[PDB]
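Chemist: Here you go, one structure.
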Amino acid sequence: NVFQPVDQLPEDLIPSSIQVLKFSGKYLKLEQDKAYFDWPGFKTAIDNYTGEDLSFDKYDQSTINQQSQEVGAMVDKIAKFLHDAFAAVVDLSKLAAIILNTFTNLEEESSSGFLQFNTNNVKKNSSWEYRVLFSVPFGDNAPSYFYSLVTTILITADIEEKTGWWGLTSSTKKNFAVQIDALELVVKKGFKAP
């Protein structure tokens with residue numbers, strides 16, 4: 001739906017991880033008929049959280065200026081970033097492939113609830129927001145715990161039309177700009193969404 005769920009958890013945690021999805025989903029802001037994630041709203045909501053199965057770990061944000069590079073390289077960089085900044089997706093079986101697939105299949109995934117296209121008539125360019133939510137466990141040493149990494153990836157390129165994004169390959173080269181927003185939460189089995 002609002003976030004592509006990417007789980008790698010033991011069945012006894014999947015239910016809790018869905019609640020996290022439910023919770024995250026309620027912070028999408030619709031306007032101009034374009035759906036985007038509400039980070040201020042979401043951040044704020046976590047603070048006011050008065051539960052016990054949820055806690056903030058860290059929030060990270062990386063924004064890189066428009067640079068001409070290939071899709072493959074760019075996704076690899078995004079992946080390396082998510083790998084190095086958090087404990088959550090350290091052993092996730094190459095998120096890079098999950099991310100590279102989303103951008104090389106934009107046309108088939110456009111209607112998906114976790115992708116939002118947009119154009120800038122002034123700058124005559126466009127962008128996509130990919131919303132993804134990762135969940136990986138702590139380990140059998142702390143069975144009730146796992147991490148959830150609420151992530152948004154905003155890719156901007158020098159592409160005028162929406163069709164300009166159709167059929168991108170790992171080799172395709174453009175003037176891409178990338179903004180990654182990711183928040184890591186420590187959640188435990190039994191977490192219900194407010």
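Naming works like this for the structure tokens: A, B, ... for the chains as they're shown, residue 1 at the start of each chain, ligands 1 onward in shown order.
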Against stretch 31-49 of chain A, which residues of stretch 112-173 of chain A fall within 8 Å? For each one I want the closest pair of atoms and the distance in Å (one decimal), counting only C-alpha atoms, rows by chain and increasing residue number, as a tab-separated table.

Modeler:
```
residue	atom	partner	partner_atom	distance
A:116	CA	A:35	CA	6.2
A:117	CA	A:34	CA	7.6
A:118	CA	A:34	CA	7.6
A:129	CA	A:36	CA	7.5
A:131	CA	A:37	CA	8.0
A:152	CA	A:37	CA	7.8
```

Chemist: Give me the residues near residue A:121 as a ChimeraX atom specification, where near means some atom within 10 Å (using only C-alpha atoms) and where sequence neighbours in that chain fewer than 4 positions away do not count.

Modeler: /A:125-126,160

Chemist: Can you tell me how far atom CA of residue A:182 sits from atom CA of residue A:81, in Å to one decimal?

Modeler: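 One can read the atom CA of residue A:182 to atom CA of residue A:81 distance as 10.3 Å.
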
Chemist: Which of chain A counts as helix (DSSP H, G or I) under DSSP, as a VMD selection string please?

Modeler: chain A and resid 14 to 25 39 to 47 71 to 85 95 to 103 106 to 109 162 to 165

Chemist: Would you please extract all strand (DSSP E) residues from chain A, as assigned by DSSP on the backbone, and give them as a ChimeraX atom specification?

Modeler: /A:4-7,28-31,34-37,54-70,115-120,125-137,145-157,173-188

Chemist: With a cut-off of 7 Å, could you pull out the residues of stretch 68-155 of chain A touching stretch 163-176 of chain A and give me the nearest pair of atoms for each, distance in Å to one decimal, using only C-alpha atoms, ordered by chain and ascending number, as JSON lines?

Modeler:
```
{"residue": "A:68", "atom": "CA", "partner": "A:175", "partner_atom": "CA", "distance": 3.8}
{"residue": "A:69", "atom": "CA", "partner": "A:173", "partner_atom": "CA", "distance": 5.3}
{"residue": "A:70", "atom": "CA", "partner": "A:173", "partner_atom": "CA", "distance": 4.1}
{"residue": "A:71", "atom": "CA", "partner": "A:170", "partner_atom": "CA", "distance": 4.9}
{"residue": "A:72", "atom": "CA", "partner": "A:170", "partner_atom": "CA", "distance": 4.3}
{"residue": "A:103", "atom": "CA", "partner": "A:168", "partner_atom": "CA", "distance": 7.0}
{"residue": "A:104", "atom": "CA", "partner": "A:168", "partner_atom": "CA", "distance": 4.9}
{"residue": "A:105", "atom": "CA", "partner": "A:167", "partner_atom": "CA", "distance": 6.8}
{"residue": "A:106", "atom": "CA", "partner": "A:166", "partner_atom": "CA", "distance": 6.5}
{"residue": "A:107", "atom": "CA", "partner": "A:166", "partner_atom": "CA", "distance": 5.5}
{"residue": "A:155", "atom": "CA", "partner": "A:176", "partner_atom": "CA", "distance": 6.8}
```

Chemist: The selected residues should be written to file as a PDB file, in the first residue's frame (atoms: N, CA and C atoms).

Modeler:
```
ATOM      1  N   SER A  68      25.264  13.516 -13.038  1.00  0.00           N
ATOM      2  CA  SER A  68      25.068  12.564 -14.130  1.00  0.00           C
ATOM      3  C   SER A  68      25.725  11.223 -13.840  1.00  0.00           C
ATOM      4  N   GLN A  69      24.902  10.190 -13.684  1.00  0.00           N
ATOM      5  CA  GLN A  69      25.382   8.840 -13.392  1.00  0.00           C
ATOM      6  C   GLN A  69      24.363   7.791 -13.815  1.00  0.00           C
ATOM      7  N   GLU A  70      24.791   6.534 -13.834  1.00  0.00           N
ATOM      8  CA  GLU A  70      23.913   5.438 -14.209  1.00  0.00           C
ATOM      9  C   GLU A  70      22.976   5.051 -13.065  1.00  0.00           C
ATOM     10  N   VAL A  71      21.887   4.369 -13.415  1.00  0.00           N
ATOM     11  CA  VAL A  71      20.892   3.921 -12.444  1.00  0.00           C
ATOM     12  C   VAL A  71      21.501   2.902 -11.493  1.00  0.00           C
ATOM     13  N   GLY A  72      22.217   1.938 -12.068  1.00  0.00           N
ATOM     14  CA  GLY A  72      22.853   0.896 -11.284  1.00  0.00           C
ATOM     15  C   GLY A  72      23.775   1.430 -10.208  1.00  0.00           C
ATOM     16  N   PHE A 103      12.837   0.936  -9.861  1.00  0.00           N
ATOM     17  CA  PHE A 103      13.071   1.978 -10.851  1.00  0.00           C
ATOM     18  C   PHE A 103      13.142   1.486 -12.294  1.00  0.00           C
ATOM     19  N   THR A 104      13.357   0.194 -12.488  1.00  0.00           N
ATOM     20  CA  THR A 104      13.418  -0.338 -13.843  1.00  0.00           C
ATOM     21  C   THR A 104      12.053  -0.890 -14.203  1.00  0.00           C
ATOM     22  N   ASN A 105      11.099  -0.757 -13.290  1.00  0.00           N
ATOM     23  CA  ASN A 105       9.743  -1.238 -13.525  1.00  0.00           C
ATOM     24  C   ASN A 105       8.723  -0.205 -13.086  1.00  0.00           C
ATOM     25  N   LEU A 106       9.129   1.061 -13.126  1.00  0.00           N
ATOM     26  CA  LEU A 106       8.261   2.160 -12.732  1.00  0.00           C
ATOM     27  C   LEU A 106       6.927   2.138 -13.464  1.00  0.00           C
ATOM     28  N   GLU A 107       6.967   1.874 -14.763  1.00  0.00           N
ATOM     29  CA  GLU A 107       5.748   1.843 -15.564  1.00  0.00           C
ATOM     30  C   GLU A 107       4.714   0.843 -15.065  1.00  0.00           C
ATOM     31  N   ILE A 155      13.887  10.376  -6.094  1.00  0.00           N
ATOM     32  CA  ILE A 155      14.819  10.484  -7.213  1.00  0.00           C
ATOM     33  C   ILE A 155      14.387  11.595  -8.166  1.00  0.00           C
TER      34      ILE A 155
END
```

Chemist: For each of A:76, A:100, A:20, A:110, take the minimum atom-to-atom distance to residue A:135, counting only C-alpha atoms, then give the residue where this is smallest.

Modeler: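 Closest candidate: A:20.
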
Chemist: Quick one: of A:53, A:161, A:140, A:11, who's nearest to residue A:194, counting only C-alpha atoms?

Modeler: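 Distance minimum relative to residue A:194 lands on A:53.
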
Chemist: Give me, as a list in words, all polymer residues having an atom no more than 9 Å from residue A:132, counting only C-alpha atoms and skipping those fewer than 5 positions away in the same chain.

Modeler: residues 2, 3, 4, 5, 6, 114, 149, 150, 151, 152 and 153 of chain A

Chemist: Which residues are close to stretch 77-80 of chain A, i.e. within 8 Å by only C-alpha atoms, leaving aside same-chain residues fewer than 2 positions away? Reply as a PyMOL selection string.

Modeler: chain A and resi 73-75+82-84+94-96+99+180

Chemist: Could you tell me which of A:54, A:30, A:89, A:142 comes closest to residue A:16 if we count only C-alpha atoms?

Modeler: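 Closest residue, counting only C-alpha atoms: A:54.
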
Chemist: Residues at most 8 Å from residue A:136, counting only C-alpha atoms, excluding those fewer than 3 positions away in the same chain, as a list in words?

Modeler: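 That gives residues 7, 8, 9, 88, 89, 92, 146, 147 and 148 of chain A.
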
Chemist: Let me see the file: selected residues, C-alpha atoms, as an mmCIF file, in the first residue's frame.

Modeler:
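Listing of selection-v8.cif after writing:
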```cif
data_model
loop_
_atom_site.group_PDB
_atom_site.id
_atom_site.type_symbol
_atom_site.label_atom_id
_atom_site.label_comp_id
_atom_site.auth_asym_id
_atom_site.auth_seq_id
_atom_site.Cartn_x
_atom_site.Cartn_y
_atom_site.Cartn_z
ATOM 1 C CA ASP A 7 9.992 -8.121 5.681
ATOM 2 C CA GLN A 8 12.633 -10.682 6.617
ATOM 3 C CA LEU A 9 11.173 -11.699 9.957
ATOM 4 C CA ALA A 88 18.295 -2.582 10.593
ATOM 5 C CA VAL A 89 19.168 -3.699 7.039
ATOM 6 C CA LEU A 92 19.160 -7.765 4.164
ATOM 7 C CA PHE A 146 13.092 -6.202 15.541
ATOM 8 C CA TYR A 147 13.917 -3.024 13.636
ATOM 9 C CA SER A 148 11.671 -1.153 11.239
#
```

Chemist: Between atom CA of residue A:177 and atom CA of residue A:158, measure the distance and give it in Å to one decimal.

Modeler: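 Computed distance, atom CA of residue A:177 to atom CA of residue A:158, equals 9.0 Å.
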